[PDB]
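Coordinates from final_18.cif are shown below (mmCIF, N, CA and C atoms).
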data_coords
#
loop_
_atom_site.group_PDB
_atom_site.id
_atom_site.type_symbol
_atom_site.label_atom_id
_atom_site.label_comp_id
_atom_site.auth_asym_id
_atom_site.auth_seq_id
_atom_site.Cartn_x
_atom_site.Cartn_y
_atom_site.Cartn_z
ATOM 1 N N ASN W 1 57.641 50.970 -12.577
ATOM 2 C CA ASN W 1 58.024 51.910 -11.538
ATOM 3 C C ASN W 1 58.085 51.186 -10.192
ATOM 4 N N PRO W 2 59.296 50.825 -9.714
ATOM 5 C CA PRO W 2 59.470 50.091 -8.450
ATOM 6 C C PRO W 2 58.857 50.833 -7.267
ATOM 7 N N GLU W 3 59.100 52.144 -7.199
ATOM 8 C CA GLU W 3 58.583 52.959 -6.112
ATOM 9 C C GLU W 3 57.082 53.059 -6.131
ATOM 10 N N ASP W 4 56.491 52.924 -7.299
ATOM 11 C CA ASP W 4 55.040 53.021 -7.426
ATOM 12 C C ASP W 4 54.422 51.701 -6.993
ATOM 13 N N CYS W 5 55.095 50.615 -7.356
ATOM 14 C CA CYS W 5 54.708 49.273 -6.927
ATOM 15 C C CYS W 5 54.728 49.174 -5.397
ATOM 16 N N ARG W 6 55.793 49.659 -4.779
ATOM 17 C CA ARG W 6 55.903 49.594 -3.328
ATOM 18 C C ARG W 6 55.120 50.712 -2.638
ATOM 19 N N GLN W 7 54.590 51.624 -3.427
ATOM 20 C CA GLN W 7 53.768 52.721 -2.934
ATOM 21 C C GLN W 7 52.384 52.215 -2.596
ATOM 22 N N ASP W 8 51.794 51.508 -3.522
ATOM 23 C CA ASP W 8 50.443 51.017 -3.361
ATOM 24 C C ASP W 8 50.434 49.572 -2.935
ATOM 25 N N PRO W 9 50.014 49.292 -1.685
ATOM 26 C CA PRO W 9 49.871 47.920 -1.180
ATOM 27 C C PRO W 9 48.995 47.067 -2.101
ATOM 28 N N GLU W 10 47.903 47.669 -2.606
ATOM 29 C CA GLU W 10 46.970 47.011 -3.534
ATOM 30 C C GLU W 10 47.715 46.530 -4.791
ATOM 31 N N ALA W 11 48.606 47.374 -5.299
ATOM 32 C CA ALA W 11 49.336 47.074 -6.520
ATOM 33 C C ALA W 11 50.395 46.022 -6.271
ATOM 34 N N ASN W 12 51.190 46.230 -5.224
ATOM 35 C CA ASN W 12 52.303 45.326 -4.856
ATOM 36 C C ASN W 12 51.806 43.927 -4.517
ATOM 37 N N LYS W 13 50.578 43.863 -4.064
ATOM 38 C CA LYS W 13 49.923 42.622 -3.719
ATOM 39 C C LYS W 13 49.744 41.724 -4.951
ATOM 40 N N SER W 14 49.681 42.326 -6.094
ATOM 41 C CA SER W 14 49.524 41.613 -7.319
ATOM 42 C C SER W 14 50.750 41.798 -8.221
ATOM 43 N N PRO W 15 51.611 40.757 -8.325
ATOM 44 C CA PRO W 15 52.831 40.782 -9.150
ATOM 45 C C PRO W 15 52.592 41.293 -10.574
ATOM 46 N N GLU W 16 51.422 40.986 -11.140
ATOM 47 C CA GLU W 16 51.070 41.434 -12.492
ATOM 48 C C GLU W 16 51.092 42.955 -12.590
ATOM 49 N N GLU W 17 50.762 43.627 -11.505
ATOM 50 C CA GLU W 17 50.740 45.067 -11.500
ATOM 51 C C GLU W 17 52.134 45.625 -11.354
ATOM 52 N N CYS W 18 52.982 44.928 -10.645
ATOM 53 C CA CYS W 18 54.367 45.359 -10.512
ATOM 54 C C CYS W 18 55.183 44.939 -11.735
ATOM 55 N N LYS W 19 54.598 44.080 -12.533
ATOM 56 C CA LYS W 19 55.146 43.706 -13.813
ATOM 57 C C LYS W 19 54.733 44.766 -14.828
ATOM 58 N N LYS W 20 53.467 45.145 -14.741
ATOM 59 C CA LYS W 20 52.863 46.175 -15.567
ATOM 60 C C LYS W 20 53.542 47.515 -15.305
ATOM 61 N N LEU W 21 53.587 47.883 -14.055
ATOM 62 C CA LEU W 21 54.200 49.106 -13.625
ATOM 63 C C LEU W 21 55.682 48.901 -13.512
ATOM 64 N N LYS W 22 56.421 49.524 -14.392
ATOM 65 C CA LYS W 22 57.872 49.423 -14.407
ATOM 66 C C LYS W 22 58.493 50.344 -13.358
#
File written out as C-alpha cells:
Amino acid sequence: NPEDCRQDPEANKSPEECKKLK
C-alpha cells in the first residue's frame, strides 16, 4: 500500500516495511 507507506513516517523510514506493505 503506497499511501500507507507514505502515511507512516516510521514505516516509510524502513524500505522493508514499504516492501511488506504493498
Residues of chain W in alpha helix (DSSP H), written as a short mmCIF file (atom, residue, chain, number, x, y, z; two decimals) with N, CA and C atoms, in the frame of the given file:
data_model
loop_
_atom_site.label_atom_id
_atom_site.label_comp_id
_atom_site.auth_asym_id
_atom_site.auth_seq_id
_atom_site.Cartn_x
_atom_site.Cartn_y
_atom_site.Cartn_z
N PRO W 2 59.30 50.82 -9.71
CA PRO W 2 59.47 50.09 -8.45
C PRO W 2 58.86 50.83 -7.27
N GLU W 3 59.10 52.14 -7.20
CA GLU W 3 58.58 52.96 -6.11
C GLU W 3 57.08 53.06 -6.13
N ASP W 4 56.49 52.92 -7.30
CA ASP W 4 55.04 53.02 -7.43
C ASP W 4 54.42 51.70 -6.99
N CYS W 5 55.10 50.62 -7.36
CA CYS W 5 54.71 49.27 -6.93
C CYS W 5 54.73 49.17 -5.40
N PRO W 9 50.01 49.29 -1.68
CA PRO W 9 49.87 47.92 -1.18
C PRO W 9 49.00 47.07 -2.10
N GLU W 10 47.90 47.67 -2.61
CA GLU W 10 46.97 47.01 -3.53
C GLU W 10 47.72 46.53 -4.79
N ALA W 11 48.61 47.37 -5.30
CA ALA W 11 49.34 47.07 -6.52
C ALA W 11 50.40 46.02 -6.27
N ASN W 12 51.19 46.23 -5.22
CA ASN W 12 52.30 45.33 -4.86
C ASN W 12 51.81 43.93 -4.52
N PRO W 15 51.61 40.76 -8.32
CA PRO W 15 52.83 40.78 -9.15
C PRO W 15 52.59 41.29 -10.57
N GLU W 16 51.42 40.99 -11.14
CA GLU W 16 51.07 41.43 -12.49
C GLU W 16 51.09 42.96 -12.59
N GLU W 17 50.76 43.63 -11.50
CA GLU W 17 50.74 45.07 -11.50
C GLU W 17 52.13 45.62 -11.35
N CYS W 18 52.98 44.93 -10.64
CA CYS W 18 54.37 45.36 -10.51
C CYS W 18 55.18 44.94 -11.74
N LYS W 19 54.60 44.08 -12.53
CA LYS W 19 55.15 43.71 -13.81
C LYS W 19 54.73 44.77 -14.83
N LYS W 20 53.47 45.14 -14.74
CA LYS W 20 52.86 46.18 -15.57
C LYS W 20 53.54 47.52 -15.30
#
Exercise. Determine, counting all atoms listed in the file, which protein, DNA and RNA residues have an atom within 7 Å of an atom of residue 18 in chain W; residues of the same chain fewer than 4 positions away are not included. Present the result as a list in words.
Key: residues 1, 5, 11, 12, 14 and 22 of chain W
Need the axis-aligned box for range 12-20 of chain W with 4 Å each side, so what are the centre and edges in Å to one decimal, as lines of an AutoDock Vina configuration file?
center_x = 52.4
center_y = 44.1
center_z = -9.6
size_x = 13.7
size_y = 14.8
size_z = 19.8
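Coordinates place CA of residue 21 in chain W at a distance of 7.4 Å from CA of residue 4 in chain W.
We find atom C of residue 15 in chain W and atom N of residue 3 in chain W to be spaced 13.1 Å apart.
If you look at atom N of residue 19 in chain W and atom N of residue 6 in chain W, they are 9.6 Å away from each other.
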